[PDB]
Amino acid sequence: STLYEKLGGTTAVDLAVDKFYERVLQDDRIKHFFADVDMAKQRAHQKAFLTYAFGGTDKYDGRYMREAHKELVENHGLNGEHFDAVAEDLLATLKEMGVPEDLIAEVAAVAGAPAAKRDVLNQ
């Protein structure tokens, strides 16, 4: 069920999260959304998105998603391109840690799932 289990333990999860966080930090398309976010929240956010994309959506009610990103949408110009960039960053991270291509496509399908995307984007 858990992220822990699907990736195979604490060290695997830590690797995924740290590499994903590193990549987002360096991605000029989306870095400025985290401008007013301390680095603890920044890393927690990537662990959240990662948790979501591996099928732990349970914690990410669309109504919570809609409120949590409202200021990004209204004041930072958050849009589809940004949303897609975060998913692409995740799939690039997993590939570089040798996650099977069929498993990457599985997480691609959850990461880019339409109803959660509409909620985050306040559409």
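One-based numbering along the sequence shown.
Q: Between 94-102 and 42-50, name whichever shows the higher mean Cα B factor according to the PDB entry.
A: The stretch with the larger mean CA B-factor is 94-102.
Q: Which has higher Cα B-factors on average according to the PDB entry: 83-91 or 52-60?
A: Of 83-91 and 52-60, the stretch with the higher C-alpha B-factor average is 52-60.
Q: Could you look up the Cα B-factor of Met65 in the entry and say which third of the chain it sits in: lowest, middle or highest?
A: Bottom third by C-alpha B-factor.
Q: By the recorded C-alpha temperature factor, relative to the other modelled residues in its chain, which third is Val73 in?
A: Within its chain, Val73 is a lowest-third residue by C-alpha B-factor, going by the deposited values.
Q: Using only modelled residues of the chain, where does the Cα B factor of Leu121 rank: lowest third, middle third or highest third?
A: CA B-factor rank for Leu121: lowest third.
Q: Please place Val24 in the lowest, middle or highest third of its chain by C-alpha B factor as given in the entry.
A: Ranked within chain, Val24 CA B lands in the middle tercile.
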